[PDB]
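In: give me a model of this one.
(6 chains)
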Amino acid sequence: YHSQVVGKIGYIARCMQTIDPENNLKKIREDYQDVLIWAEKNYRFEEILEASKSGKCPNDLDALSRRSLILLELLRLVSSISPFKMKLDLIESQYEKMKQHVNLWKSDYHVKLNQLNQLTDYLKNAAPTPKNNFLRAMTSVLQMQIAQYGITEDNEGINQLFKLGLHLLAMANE
Amino acid sequence: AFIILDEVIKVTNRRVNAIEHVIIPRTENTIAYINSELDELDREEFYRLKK
Amino acid sequence: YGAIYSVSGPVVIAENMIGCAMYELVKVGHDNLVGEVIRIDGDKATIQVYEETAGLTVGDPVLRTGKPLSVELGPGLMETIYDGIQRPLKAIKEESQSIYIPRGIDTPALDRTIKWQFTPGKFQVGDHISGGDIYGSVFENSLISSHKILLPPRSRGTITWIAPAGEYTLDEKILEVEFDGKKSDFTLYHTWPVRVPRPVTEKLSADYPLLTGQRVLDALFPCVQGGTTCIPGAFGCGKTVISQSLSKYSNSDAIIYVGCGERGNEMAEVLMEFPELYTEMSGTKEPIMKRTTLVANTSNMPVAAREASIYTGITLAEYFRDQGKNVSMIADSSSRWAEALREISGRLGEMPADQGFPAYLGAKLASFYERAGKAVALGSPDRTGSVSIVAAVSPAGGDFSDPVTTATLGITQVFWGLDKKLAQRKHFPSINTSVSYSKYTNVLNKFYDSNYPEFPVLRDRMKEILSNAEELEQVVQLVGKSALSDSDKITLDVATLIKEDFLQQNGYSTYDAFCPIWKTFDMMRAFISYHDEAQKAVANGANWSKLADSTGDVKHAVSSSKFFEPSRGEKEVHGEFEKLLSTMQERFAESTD
Amino acid sequence: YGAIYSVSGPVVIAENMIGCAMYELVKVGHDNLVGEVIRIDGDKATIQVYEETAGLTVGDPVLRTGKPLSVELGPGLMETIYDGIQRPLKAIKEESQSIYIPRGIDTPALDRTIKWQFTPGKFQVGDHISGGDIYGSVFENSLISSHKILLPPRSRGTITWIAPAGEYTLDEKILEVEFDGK
Amino acid sequence: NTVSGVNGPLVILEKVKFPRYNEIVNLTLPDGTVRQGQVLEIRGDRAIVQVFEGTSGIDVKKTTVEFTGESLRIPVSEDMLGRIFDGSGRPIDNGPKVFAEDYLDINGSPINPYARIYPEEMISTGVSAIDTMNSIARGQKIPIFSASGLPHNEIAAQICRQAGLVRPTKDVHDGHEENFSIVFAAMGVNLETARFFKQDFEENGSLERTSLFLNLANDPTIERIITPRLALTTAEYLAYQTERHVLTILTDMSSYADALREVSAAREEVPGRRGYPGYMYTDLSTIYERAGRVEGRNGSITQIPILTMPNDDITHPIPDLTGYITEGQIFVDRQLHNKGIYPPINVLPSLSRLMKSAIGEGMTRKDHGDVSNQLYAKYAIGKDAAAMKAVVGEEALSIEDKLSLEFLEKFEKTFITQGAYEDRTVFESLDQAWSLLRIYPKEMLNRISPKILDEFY
Amino acid sequence: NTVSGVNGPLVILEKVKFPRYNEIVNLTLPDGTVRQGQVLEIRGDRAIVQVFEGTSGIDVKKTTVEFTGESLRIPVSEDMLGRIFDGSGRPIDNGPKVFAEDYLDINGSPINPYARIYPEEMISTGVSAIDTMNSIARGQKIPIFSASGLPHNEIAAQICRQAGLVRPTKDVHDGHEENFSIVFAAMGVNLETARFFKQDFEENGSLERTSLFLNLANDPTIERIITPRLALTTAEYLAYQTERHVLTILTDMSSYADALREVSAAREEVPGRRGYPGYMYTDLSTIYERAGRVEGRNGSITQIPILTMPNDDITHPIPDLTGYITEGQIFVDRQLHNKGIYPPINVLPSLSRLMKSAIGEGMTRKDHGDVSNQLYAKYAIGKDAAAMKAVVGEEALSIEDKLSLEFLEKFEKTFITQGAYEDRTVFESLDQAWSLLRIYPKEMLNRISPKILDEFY
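Out: Residues are numbered from 1 along each chain as shown, chains lettered A, B, ... in the order given. The relevant structure is shown in the block below.
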């Protein structure tokens, strides 16, 4: 029970340190100060498991998995928008907006991140073709519009480019 | 119409009396003996396994 | 160490076996037969052997290997057919010269002569890891990575040595992690016991739909991904064609074929029918066979392979759901596993309490359904995954009210019908419209009410029309056909078009055997609008033959909507049903006059 | 008397039977639970426990009641509610304040606080007595008496002690029979 | 000492018989996993104990067992509401402890706190047909009979979810002035069905006043059978100790009968016909003994058991044997659920022994008992009039069969169908019954008194 | 050592565990004759085996036992057909040797005969309803259903008489262009029925290509149950060695199921419900495990067992247990045999899930599956209207019930009536089914596609 919470705290601290190394995100690092405090100093896993077993550290696997799902969705959304860079305040506002919702399996952010992750995963191992070039250009313009507008504001161009990207990805080579 | 209804009522009463008189007892009497035979057959295998 | 106490049937009892758990595998006799000690009675332990015993003598030595009996999980599960104990029948067919291995031999859990491309995940040197985290990735499909290499449960530590990107086999180490001192060596495959299920962080209700390619199955209830459903059969209904059409019409990232026991032709029909089918998302080299993992266990083998086949299929289904992908598990049938457990209870000589079945059959059958379902993915990443469990049921005690259907109906959440006599009358896949229930209809209909039209009112009206058609059929049969009003003729005509359009099917997927949810709701909306237009036209003064003959091409086009595929529309709905919705309103005024 | 050999489920098994009949009721353990010996297999006797067997362990004594499982017949049966095992419902309603009897009840089947007036019959000293003859009368109703004091079955002899008239309780003796000694 | 062997769900242990019956025992494994169990049978130089979680993975010469020395008891308190716990009294939400102030064992109410008395107060559950046609009183047992064709778990969760809001509307009507509590117990339910009852109870607002007990089908039957005595003792502790009306929902009886028939029916006992032994009536009578009127004259324990048939068959001994103990029953039809009615229960085959005389007064009118005969007679006449209209046709249908045929669809589409977040009362149910009965004329209503019919149409 | 005891037909002897499982043993009696036996089960210095010949004649304390050192194996060769042999070894036409060139087990442990693909080669037995409605092929497992009271031996003699002439009719269809062999195994059959079955094969001209295995009813059940494993091992050895098509007829399964109930009466195992043991599915799975296509992609071993219902229904353990291992069956009706028909096989309780995979190209048509569903729907409509026509009468029946009633009488006396020596083709059976199905209109047929129904209309 405590090993999953210590692994979620270590994965949250390692994902928070790998996400922003400059430490210019006070919104994401503000709520995760209790997990980054036991990850920013020298300590063993037995001290974190013993500290979490005694009720001194965070031991909620549901809240740590829920925040770890939003952190993994923000890291996958930030990594899938390459080679376009977004603003840190827009990423902190998108993480603060996604963190304010308890449900993370029916929301539009998980469907948009899964829709961009499906086009990026399908375009990662694709072959050079005209449908892959048009879907790569539409996925690049959708990645630029997703990096410029974020994932919290609904736009018709992102939905039309996502539907055209899914329809082009669902098509065969004939 | 009166001659048609007077001819239809004698067939309807005889059909309803025949079906209602012949319906329930064979299925009920067969179902009771089938339930008792299923109870005894279910009891004998438990009695041998307990023995 | 141990001594052979007594060998009766396919299960052997060995005495002098003390100090062993219910999961460690050992060799019985001097031939090194594959087996596992499940339970023990006093000084003698009962161990079920997966191979037949016809040359094993009493008094042979039986020593434990010193580890739990588990199957190998990793790259090589997809694109290959295996048995209930993780045995390749393809390599054993050409190598062993038979479909089954001989007695006294043991095969590996996976092929070691094939190499895969190793890809480093989100873990590196110095980062902490735990069980369920994605430490690597493999190529299991031609479109994207569908088989991710994850760590085993109950393990964790820091990555001290990480292999780079490239090609490597399943026998070379590519990972090393030590939490307290030296933890263990890491390879491409992973070891885990099939008797213990995989853990999870938390379970959640299903809110995502999963199409199965069934008109009556999707029309009767909303298809979801992550629920439980039962199908009643008699071994003659034609469930192999529904499993082939459901596997071909499915669009999930992973496929789980779990066969506890069959005659033999059903396992070869799925393997031979798997390469002929094509995926609905992209074409590749054997997309139907390479995209799903099939475990085929026959009914001529011992009860240990059929009993462990459900645990290996549940562990393989939970392994794909633990990575974060949507998997569809099709199991057939649980009555062979319950009959194998009743045969093991009869071989053990224990007194039953279920009319000839063991007391632990209901706990294992109810506990087997709890392993599948949608929930949070286990691991540091916390991904979203789901597993749809479709297990067909059948009678196994000589009655329609046995404990397998009682525990399966109570432990399950969806109720699906099946008729062998109705399926023989050209009505397959048939389902019961009067006895059925589902709890995910409100949750699946909640997103379907916003992202689509009101299919839930048409489902309740279509169920009410089929419920009223059975009540009108008894009065029409007993009292007479020309003794009913004109109001029941519209309900019987709508019930005949709904039963002919939804219940009517031909082959597996031939002749337009695919049907989306939006095409089914749009097809049922024309039947409900035609039935409401006929009932509203008959109320304002109109003949029954004048309105039924006044319909004409509307009933023929509505009844003939099972041959129009989805190529006529854009991707989901058909434009001919949208024009037929206005054509029914324009024909409703001409049908009244 | 006997020793508790094992307790599995609602039935209790007790060994060391040295004369315990299969019709006498006794209390197993130290809780005084209701039970009776239904069958016996060798030295171990099988007794069915009709109460909760919680708190019973192996190695406890079994005390017999000294007679078969029956009910007491006397004055005070009218205007009272009891169970089939002869349990006092008014005593449970006075002490526990409920209508259900608790586990481990060992009270008598009749109330001893309501005294009745005993009157002697036509039998005198010197004449022989037998079971069935009216030895006296006791009031049991609220206004008149309907409970006739008669001799119990399986008893006969001479009236060695003749109790006089007056008020007495159910626990106190009022008559003594002399046949083959005490 | 150590584990002797394992045969099926029961595990044989070689420990001594020093421990008593119902004594908790802990199995110490060499892998770092400790499991708890209950002593089902103890003998000389041997003991039979059942594992609470799992039955495999215990060594026979390497795993040892020890006796804690404490009997099986559940801590009953008033702070147990608003928390999700397991089938043995352990919290699964990761929150605090139980915090119970008294230690009472669950073995069938050995204290004898209940008393045999007739009910004198009306109890409601938020259903118009359930409260009006087959309404039960305080201390009256009324079971719900269903089959495998309808959502009996959603109806059982909706019955407990509908309870709790009738106390403020009844308190505004000058009815009862005491607090009401709810007792929820789940046995053999899934994770999605268990979370759906918690989401429905949290959305309805009755989760703060009710206690939830979660029992899954993957666990043993000892925890699912131990959970009903803990829920009945928890409802009886608040009902007897606090003197408040508490309603307990025990679902499902099919999982308890299957767990009782599956385990503890083949060791030294023999089963009856169809695998159901004759000791199940004492097992259901042990849970039924902890329900009824209590001492004080201000609180009672209401028992609403849920019984689901396997295929809607009447040849099983569980529905016939269970129906004789209860005072009435409520039958639900599968044809009503296919039409689109929520709930699909019908008051045509349901009956109550003491409905009007069992309920009290103060929140219910006197015409509610008389309107149920006219509504049941109108629905029963409309049920035969529906087939009589198709049999006779459109030129031989009487006006009485047509008015009952329209009153069957109008009363069926408005009195038995309701939402999942709405609430009903006795005055709203009586006004809806008067509005449904107002379609008929004054010359066709003869199943009630003329003063109540002339006063309310 | 010596015979410890005897319980029923099996004897319990106390010996050493030097012999293997299923090893042949020789019991030395003091009467001057030695008997052979098979080790049914091994124990801790105890053995339970049954004598192959006789049950009486052994001693108690003066008996002698000896181990042969070889397991039970029958020598199979290519010269076994044509000659007459017995199951236990009674030589009437056999010599000292059986002409066996290789040693194979009687259980199929190292062989594992099973098809890994769907059957393409269509096999016909000379029945229009069986071949058209079922669509059986090579490597399929479909047993014949019988009843108690009807002529099951006449139907088995007609099916055995039809075996042998199916090769010339199947050669014209292009479904079988190889060698054909018949494997006859008898157990618990009468001498007159075996003489009539051998006289049917001798009259058909298949005595040289067929093998006969004779087993008496007064012999032990181990020899009668052991004869079908040796016959299936000889048919699998002859069919696998030469790539030929072998058809195995096993009659009767009721004698093997009744003989299996007598066994296990002195061992640790016990019987289950209805007198039959719970491990009978593994015993029938051992005989049915050697059925299917052989390895090599050439030839196959088909199995067609003959089972008779003792209660005239499928709820018994013999037809219900054997029907679960297969994928359907053919139901024979005694009502058609009472009015006069040969064979009296019905199409209502008959269904096969391998009809689509069996039908291919060049040896069958595509409209046979829709014509079989249309004929099954018309036969089900006529049989359903025939039972309702007796109660109400002909005054409430429409023209649709009269069309199915006339189609049931027209198809009942045409498709079910056939000879015992002539084999009807599948094209003539489909053409005869189209004439019986051509009595209704084209719009009244909906069990087929419109493109294939419009072309073959």
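In: distance from the lengthiest helix in chain E to the middle of the chain?
Out: Criterion DSSP state H: the longest helix present in chain E is helix E:368-392. Its chain's C-alpha centre and that of helix E:368-392 lie 29 Å apart, by Cα atoms, centre = their mean, to the nearest Å.
In: list the buried residues in the helix or strand that it is followed by.
Out: For helix E:368-392, the following helix or strand on the C-terminal side (DSSP states H and E) is helix E:399-415. Across helix E:399-415, burial judged by 16 or more other Cβ atoms under 10 Å in any protein chain shown covers E:401, E:403, E:404, E:405, E:407, E:408, E:411, E:412, E:415. Any C-beta I mention is one placed from the backbone N, CA and C, and that applies to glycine too.
In: which non-adjacent residue is nearest whichever residue of the stretch 451-593 of chain C sits closest to chain E?
Out: Among the residues of the stretch 451-593 of chain C, residue C:460 lies nearest to chain E; the distance is 3.3 Å by Cβ to the nearest Cβ. Sequence neighbours aside, residue E:340 is the residue nearest to residue C:460 in space, at 3.3 Å (criterion: Cβ to Cβ, 6 or more residues apart in numbering or on different chains).
In: return the distance of the one you found relative to residue E:416.
Out: 11 Å (Cβ to Cβ, to the nearest Å).
In: now do residue A:118
Out: 45 Å.
In: same question for residue C:520.
Out: Using Cβ to Cβ, residue C:520 is found at 28 Å from residue E:416.
In: neighbour count winner among these two?
Out: residue C:520 (27 against 21; other Cβ atoms under 10 Å in any protein chain shown).
In: after the helix or strand hosting the more buried one, next one along is what?
Out: Per DSSP H and E, residue C:520 falls inside helix C:517-539. Sequence-wise, the next helix or strand downstream of helix C:517-539 (DSSP H and E) is helix C:544-551.
In: for that following helix, which positions count as buried?
Out: Those would be C:544, C:547, C:548, C:550, C:551, for helix C:544-551 by 16+ other Cβ under 10 Å.
In: would you list those residues in TSV and tack on distance to chain D?
Out: Formatted as TSV, these follow (distance: Cβ to the nearest Cβ, whole Å):
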residue	distance to chain D
C:544	67
C:547	69
C:548	69
C:550	73
C:551	70
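In: up against chain D, what does chain E have?
Out: Residues of chain E lying near chain D by Cβ under 8 Å from any Cβ of the partner chain: E:17-22, E:40-44, E:48, E:71-72, E:105, E:107-117, E:264, E:267-269, E:279, E:289, E:295.
In: returning to that earlier point: taking helix C:544-551 as reference, get the angle to the helix holding residue C:520.
Out: Helix C:517-539 runs at 140 degrees relative to helix C:544-551, counting by axes from the mean of the first three to the mean of the last three Cα atoms, to 10 degrees.
In: so how far is helix C:517-539 from its chain's centroid?
Out: 33 Å.
In: and it, is it in reach of chain A?
Out: No - shown here: helix C:517-539 not in contact with chain A (Cβ under 8 Å from any Cβ), separated by at least 14.4 Å.
In: so which elements touch that helix?
Out: Helix C:517-539 is packed against helix C:215-220, helix C:455-478, helix C:487-498, helix C:544-551, helix C:553-559, helix C:575-592, with contacts defined by 3 or more Cβ pairs under 8 Å, 6 or more residues apart in numbering or on different chains; DSSP states H and E.
In: ok, and for that helix, which residues are buried?
Out: Those buried within helix C:517-539 under the rule 16+ other Cβ under 10 Å are C:517-531, C:533-535, C:537-538.
In: could you find the residue in chain A that comes nearest to chain B?
Out: Minimum separation of chain A from chain B (Cβ to the nearest Cβ) falls at residue A:1, amounting to 43.1 Å.
In: residue C:496: neighbouring residues, count only.
Out: Neighbours of residue C:496 under the rule other Cβ under 10 Å: 14.
In: for it, which non-adjacent residue is spatially closest?
Out: residue C:469 (7.8 Å).
In: check the gap between that neighbour and residue C:402 for me.
Out: Using Cβ to Cβ, residue C:469 is found at 30 Å from residue C:402.
In: out of those two, which sits in the more crowded spot?
Out: The residue with more neighbours, out of residue C:469 and residue C:402, is residue C:402; 23 against 20, by other Cβ under 10 Å.
In: ok, the more buried one - contacts?
Out: By Cβ atoms under 8 Å, 6 or more residues apart in numbering or on different chains, the contact set of residue C:402 is C:355, C:395, C:396.
In: could you redo the last one with a cut-off of 7 Å?
Out: By Cβ atoms under 7 Å, 6 or more residues apart in numbering or on different chains, residue C:402 lies in contact with C:395, C:396.
In: follow-up on the earlier one: just the buried residues of the residues of chain E next to chain D.
Out: Looks like these have E:17, E:19-22, E:40-42, E:48, E:71-72, E:105, E:107-115, E:264, E:269, E:279, E:295 buried, using 16+ other Cβ under 10 Å.
In: please list the residues of chain B that sit near chain E.
Out: Selection of chain B residues close to chain E by Cβ under 7 Å from any Cβ of the partner chain yields B:35, B:39, B:42, B:43, B:46, B:47, B:50.
In: may I ask which of those residues has the most neighbours?
Out: residue B:46 (24 neighbours).
In: pretty sure it is in a strand, no?
Out: No - looking at residue B:46 with DSSP: H, G, I helix; E, B strand; the rest coil, it is helix, so not inside a strand.
In: gap between it and residue C:343?
Out: Taken as Cβ to Cβ, the span from residue B:46 to residue C:343 is 18 Å.
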